[PDB]
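Everything below concerns the one structure shown next.
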Amino acid sequence: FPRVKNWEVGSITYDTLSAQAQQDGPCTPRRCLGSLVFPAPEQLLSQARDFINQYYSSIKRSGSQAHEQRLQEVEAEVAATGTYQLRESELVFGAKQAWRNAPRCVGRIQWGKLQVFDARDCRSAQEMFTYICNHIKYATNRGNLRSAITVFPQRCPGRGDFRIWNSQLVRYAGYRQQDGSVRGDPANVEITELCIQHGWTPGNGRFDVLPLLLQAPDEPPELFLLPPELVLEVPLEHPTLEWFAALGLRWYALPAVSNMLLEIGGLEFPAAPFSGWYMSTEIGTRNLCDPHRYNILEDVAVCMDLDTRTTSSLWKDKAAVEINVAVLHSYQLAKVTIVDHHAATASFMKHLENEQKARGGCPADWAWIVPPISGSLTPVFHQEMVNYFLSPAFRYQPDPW
Amino acid sequence: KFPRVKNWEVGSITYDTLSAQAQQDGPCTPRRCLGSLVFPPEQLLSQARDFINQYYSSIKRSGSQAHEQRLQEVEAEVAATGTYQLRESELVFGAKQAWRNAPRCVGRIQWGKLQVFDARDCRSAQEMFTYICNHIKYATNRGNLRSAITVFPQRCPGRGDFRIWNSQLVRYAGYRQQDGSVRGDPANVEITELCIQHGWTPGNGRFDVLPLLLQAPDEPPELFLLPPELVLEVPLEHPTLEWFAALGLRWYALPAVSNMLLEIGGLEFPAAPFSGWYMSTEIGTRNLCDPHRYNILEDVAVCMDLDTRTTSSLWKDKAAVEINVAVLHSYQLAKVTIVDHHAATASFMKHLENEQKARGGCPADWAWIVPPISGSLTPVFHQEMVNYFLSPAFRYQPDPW
Ligand code: HEM
Ligand code: HEM
Ligand SMILES: CNCc1cc(-c2cc(C)cc(N)n2)cc(C(F)(F)F)c1
Ligand SMILES: CNCc1cc(-c2cc(C)cc(N)n2)cc(C(F)(F)F)c1
Ligand SMILES: C[C@H](O)[C@H](O)[C@H]1CNc2nc(N)[nH]c(=O)c2N1
Ligand SMILES: C[C@H](O)[C@H](O)[C@H]1CNc2nc(N)[nH]c(=O)c2N1
Ligand SMILES: [Cl-]
Ligand SMILES: [Cl-]
Ligand SMILES: [Gd+3]
Ligand SMILES: [Gd+3]
Ligand SMILES: [Gd+3]
Ligand SMILES: [Zn+2]
């Protein structure tokens, strides 16, 4: 059992939960690949059996009458149909556990507070869009954001997958330019090209909200525009740098990841978009300051009158701090839920403590948990962490194109 | 079997073929990644043979006269004595390789430029002290710092070992109180209590340079007051925050790690202090702002009149940046070599590209290469890395008590 130290306090714990790590990661004793971004009925049965065991533990009915009945039921159904169906309460529990198990998620203190929308009866891409609009409406909640997941029908033999082609429900277009630059978000060049290639009439702004490409089984993807008033956005201003508003920067309220696969008890939900609220560094630091994203850092430092001809002035660090201040100020002014990296990492420390008592450990990916600015100012920097894969889980999956 | 390694800022891909050589198993398994953990008789000939082959390939002299001859001499030496002595040039080449192979070292672009003082004829703590003193003065060089290592005698069976008890050659005292808490550096409370217990008269201050505890084989250590004119220190001031000087902060010029064990070709040097120059975040972020170190962050933020009542003002981030500015400015004013984390990480990316061409990869520990402030503002953040152990190497070792 790995010994885990907190270097700020001196605390020492043992991650006994990692011993139950089901699937295998990318590291070996020869080489750690922890920094890489992207590292049969009998086996369906053992995964299902384990998840059902998990579910009946959570309802304090382990080894009980209903527990055996469910195990027998699922085996009977896998024997008869090659698969099985989750009960509604199992789906809710499994979606929460998948969030709880997600090693790169700093917001997991919230894991038990998740609204699960059961769209497993969804029939078409048109119904899928309605479900998604309802998800967006509920989760946004006029700025008082609520964590939610909508679960579309599971992968099943004989039919194609439901897929949302967009990586998030809200994404800004990225248009390749006349010279070769990107106008808008360069992370979204590919999905933007697909939307146009699928009949979308592009804009030419820097913050054009993309349409959804929604794929019903064995169907080409279908284009759906989001009603402008469903997509809550936050114009970005800075509390003391009045010129900052003239940058015309915006970001959207709702982080809704839509391209990940939800795996529960061996069943796979390739379309299961989930959303919470932002941590300000995702926007201020990564989306706005990554060189390959909006890349505003130098322009902001220039406007700040910082000396950008030498690195030792720390103009990059000063400008990024003020971009993050602007993000926090702007979301608070708009009354849109947002958490700064200090509050978020402090709450994650409480999550690790809760999880140590609850399960004997917590899967955590240090390099993703530590914020991209001011890392060692947050308590998670000084916390050793053990990264491993538990199921139920959210998994990356190939793009459908 | 050759890890794909992507740089996410540029999109470029390489393969780490060098990882195929990793001798010492790291702490990770397919089951769980332990990458964030700080600290996770003829065997001698295999490592000697290997290291000798490394030497002769590096000088384009593999499979030619002097190579074979040297292979026999170590073979005969170990047969006749159970160990061997490194040639001068091999001690040199081995020290540079252990530095080159140090996965957590961001300054490895400098690995070819290293001054190696051969102290293998040393005998007694008095001899150590003048060797250490020669090193310190050469390395300090009136503030024009020069990377150096002094290699005290290797380890042999049946006889005690040379050890420096201090973790660094320059450490500040840590004094407990009428209330447990510490004045000075809390990192060094332990060695501070050993020095006092071995006869040193404790000062009262927050920046008393500790005396050295030097240990000749099979002897209790001997205290040594470092010549005060040989410990170059930098008073910390800020270029525009006039009151920053009044905080009385200082740091020393020379980072000289003196508790690590140098291993070359099977031989072990438990006393081999190496030094370079500081990266500014080490002082300004970790040493001065860690909660368990000097923990000055709130004191500077009070002086900057920052709103410390709400974490979302990012007052921690602002105070941290100014402390780092103060470090860089002070060292540059004192004309003491220092490198900021932007220059240091840009140089490390150049080092990665060089090493890719030279050796087919580079052991790099992402969590330590990425600086503790403004992580994603530096290029190494966006560089995937592979971590593994190559020989020769610097290894951690137990405290000699
Ligand atoms: C409630 C507020 C939430 C916050 C503040 C938050 C925070 C974060 C952040 C900052 C990341 C890293 C993103 C990046 O840097 O690209 C992340 C990843 C992630 N989050 Fe959360 N999140 C929240 C809610 C949720 C919810 C509701 C779910 C699912 C039910 C979820 C599941 C995930 C997953 C799966 C990842 C990727 C994890 C991995 O690959 O291991 N999060 N989260
Ligand atoms: C010349 C300027 C140098 C700079 C700026 C530099 C920078 C650094 C930094 C920032 C660390 C991280 C330590 C920490 O944060 O606790 C480090 C670690 C380390 N440095 Fe360097 N360093 C330099 C030279 C050297 C030299 C000359 C040697 C040895 C000959 C060396 C060997 C090491 C080793 C062995 C580690 C720990 C590696 C590990 O445990 O994997 N460095 N260095
Ligand atoms: C930072 N933008 C990209 C990104 C954001 C998020 C994310 C997701 C949620 C629910 C909240 C939040 N605050 N963030 C999750 C991921 C991924 F891919 F890891 F799941 C990626
Ligand atoms: C700031 N932490 C103290 C610390 C500093 C350094 C270090 C060493 C050298 C030669 C240069 C530098 N700039 N730093 C190396 C280590 C260790 F032990 F990891 F090797 C620890
Ligand atoms: C290459 C490196 O692993 C990559 O840039 C990672 C590092 N840590 C991260 N952490 C978070 N939260 N989000 C990210 O996108 C990344 N990117
Ligand atoms: C727990 C965590 O691994 C630990 O705090 C590490 C993280 N990265 C680091 N990186 C550097 N350069 N120095 C350090 O001391 C640490 N500490
Ligand atoms: Cl995002
Ligand atoms: Cl240090
Ligand atoms: Gd003004
Ligand atoms: Gd302009
Ligand atoms: Gd006043
Ligand atoms: Zn690992």
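Chain letters run A, B, ... following the sequence lines, proteins first, then strands; residues in each count from 1. Values below: all heavy atoms of this structure, side chains included; hydrogens, waters and symmetry mates excluded. In listed order, ligands and their atoms are each counted from 1.
Residue A:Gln397 places its CD atom among more than 12 non-hydrogen atoms of other residues, nucleotides or ligands, all under 6.0 Å distant.
Near A:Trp277, with a cut-off below 4.0 Å to any heavy atom, the atoms of ligand 1 are 1 (C), 2 (C), 3 (C), 4 (C), 5 (C). Ligand 1 places these atoms under 4.0 Å from at least one heavy atom of A:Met279: 10 (C). The distance from ligand 1 to the heavy atoms of A:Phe394 drops below 4.0 Å at these ligand atoms: 29 (C), 30 (C), 35 (C).
Using a cut-off of 4.0 Å between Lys/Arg side-chain N and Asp/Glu carboxylate O, A:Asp118 and A:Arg120 are scored as salt-bridged.
The closest protein non-hydrogen atom to atom 16 (O) of ligand 1 is A:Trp368 CZ3, 3.4 Å. Summary of contacts: the protein heavy atom closest to atom 28 (C) of ligand 1 is A:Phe274 CD1, 3.4 Å. Looking from atom 1 (C) of ligand 1 to the surrounding protein, the closest heavy atom is A:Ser147 OG, 3.3 Å.
The closest approach between any non-hydrogen atom of A:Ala344 and ligand 1 is not below 4.0 Å. A:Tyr396 counts as a contact of ligand 1, since one of its heavy atoms falls under 4.0 Å from the ligand. Ligand 1 lies out of reach of A:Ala148, whose nearest heavy atom is not under 4.0 Å from it.
Within the 4.5 Å cutoff, the side chain of A:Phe269 has no heavy atoms near those of the A:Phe152 side chain. The closest side-chain heavy-atom distance from A:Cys122 to A:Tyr131 is below 4.5 Å. Two residues are said to be in side-chain contact when any heavy atoms from C-beta on lie closer than 4.5 Å; A:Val106 and A:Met279 meet this criterion. At a threshold of 4.5 Å between non-hydrogen side-chain atoms, the residues B:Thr378 and B:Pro371 count as touching.
Between A:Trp277 and A:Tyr331, the ring centre distance reaches or exceeds 6.0 Å.
Taking the six-membered ring where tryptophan is involved, the planes of A:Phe38 and B:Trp8 are perpendicular, since the angle between them exceeds 60° and thus also 30°. Between A:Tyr172 and A:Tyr294, the angle of the ring planes goes over 60°, which puts this pair in the perpendicular group of the 30/60° scheme.
Counting heavy atoms under 4.0 Å from ligand 1, residue A:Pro103 touches it through both backbone and side chain.
In this structure, A:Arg146 satisfies the cation-pi test against A:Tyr138, with its NZ or CZ atom closer than 6.0 Å to the six-membered ring centre and inside 45 degrees of the ring normal.
Of the candidates A:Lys113, A:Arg100, A:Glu282, A:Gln115, A:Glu282 brings a heavy atom nearest to atom 10 (C) of ligand 1.
Not counting sequence neighbours, the partners of A:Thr13 by the side-chain contact (heavy atoms from CB on, under 4.5 Å) test are A:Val4, A:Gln356.
Of all protein atoms, those that are N, O or S and lie under 2.8 Å from atom 21 (Fe) of ligand 1 total 1.
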